Structures are given as structure tokens and as C-alpha cells.
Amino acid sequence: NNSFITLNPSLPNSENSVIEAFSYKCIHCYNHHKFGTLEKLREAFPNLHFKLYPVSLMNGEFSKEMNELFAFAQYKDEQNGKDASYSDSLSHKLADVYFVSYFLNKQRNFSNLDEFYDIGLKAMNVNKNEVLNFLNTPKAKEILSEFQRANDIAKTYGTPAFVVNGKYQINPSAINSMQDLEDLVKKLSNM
């Protein structure tokens, strides 16, 4: 069958989930963001959680700081009843501003971190110190550790990469359509 590979070990804190490993510099990731792929999967599968895993080796010079901002967004979205499948989540808004920066606003280079960091902080209506205080917590360090698996996940087939229940990574060649992706997420989430 080869429609998926099994990750070993499983991704932590992944049960009942679809994880999308993505880059803000990837056209395919941008197209899935604009299309609302994760929102559509929530329409089909309201009991699954949807999470973004940024791929730091594809996210350029300020990739570590981008991972920090996504860890904060993931944290805060849990406090607010949202995940990455809601357009008004902090995770979706944060992905949106960086996709807009790169694909609409032609920004490739920043001469220092704070020009880059400020885009994310403005999208989430927070400041650098609020993010720094969150980063200095065991739970933030745990979320950032989880994102380290995104790099090898992305290398297998490219981005985006969809992972079901922390275990089953979908081969992009196995699907043509949104409904093909839904059907495979159903099969894998019921294994």
C-alpha cells in the first residue's frame, strides 16, 4: 500500500491529531493555507486536533525565533478553544503574516531579528517579553523539542507533510484531491 510511512517513535502529545509540517517559504504550504485544508479536515473530523509543526531548516535565518513564536501560538490557542484549523487561531494568523511577508510583500531578508520577530508579535498582539516569559517554562521547552522532529519529517517527501495520530505520515504521491486526503486521514486515524 505505501500511501503512508509509520514514524518510530510516535510523535509525543499527538493522539487524536493531524500535524502539518510546513515552511512559510513553501508554495505548496501557502496553497494549503489559502485553500483551508486543515479547516476542511476539521469539518470531516471534529474530534481531531490540528497542529502546525514549522520546519526550521526550511525557514531560513530566523527559524529558531519562528519556532518560538509558533510554540507561543500553540500554547495560547489551547487557552482560547482554538487550533490551527481555525482561521482566527494565533497559529493560523502567525502562519498567515509570514506567508504574506514572503509571497505578497517580497520580504526575503531582515538585517536583524526584531524586524522579523515584530511581524509575528504584531499578528498575535503580544510583545517580545511576554513570549520570553513563556519560553522560560518547561512546557514551552517541551513544545519546541516536539518541533525538532519536523526537519526529518519534511526531508522524506517534502512539504507540507501531514501526520495522523503522531504515527502515520501521508505520502503526498498517494493523494490527488482534498477528498483523497480526507479518506486517508479517516483510514489512518481508525488504525
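From 1 onward, residues are counted along the sequence shown.
Novice: Give the stretch, out of 173 to 181 and 19 to 27, with the larger mean C-alpha temperature factor in the deposited entry.
Specialist: Mean B over CA atoms: larger for 173 to 181.
Novice: Higher mean Cα B-factor in the deposited model: 162 to 170 or 40 to 48?
Specialist: It is 40 to 48 that shows the higher mean C-alpha B-factor.
Novice: Of the choices 101, 74, 112, 85, which one's C-alpha carries the largest B-factor in the record?
Specialist: Most elevated C-alpha B-factor of the set, per the entry: 112.
Novice: Residue 97: which third of its chain by C-alpha temperature factor?
Specialist: Bottom third by C-alpha B-factor.
Novice: Would you mind ranking residue 62 by its C-alpha B-factor against the rest of the chain and naming the third, lowest, middle or highest?
Specialist: Highest third of the chain for residue 62's C-alpha B-factor.
Novice: Could you look up the Cα B-factor of residue 56 in the entry and say which third of the chain it sits in: lowest, middle or highest?
Specialist: According to the entry, residue 56 has a C-alpha B-factor in the chain's lowest third.
Novice: Would you please rank residue 90 by its C-alpha temperature factor against the other modelled residues of its chain and give the third it falls in: lowest, middle or highest?
Specialist: Its C-alpha B-factor belongs to the lowest third of this chain's values.
Novice: Which third, lowest, middle or highest, does the CA B-factor of residue 141 fall in along this chain?
Specialist: Within its chain, residue 141 is a middle-third residue by C-alpha B-factor, going by the deposited values.
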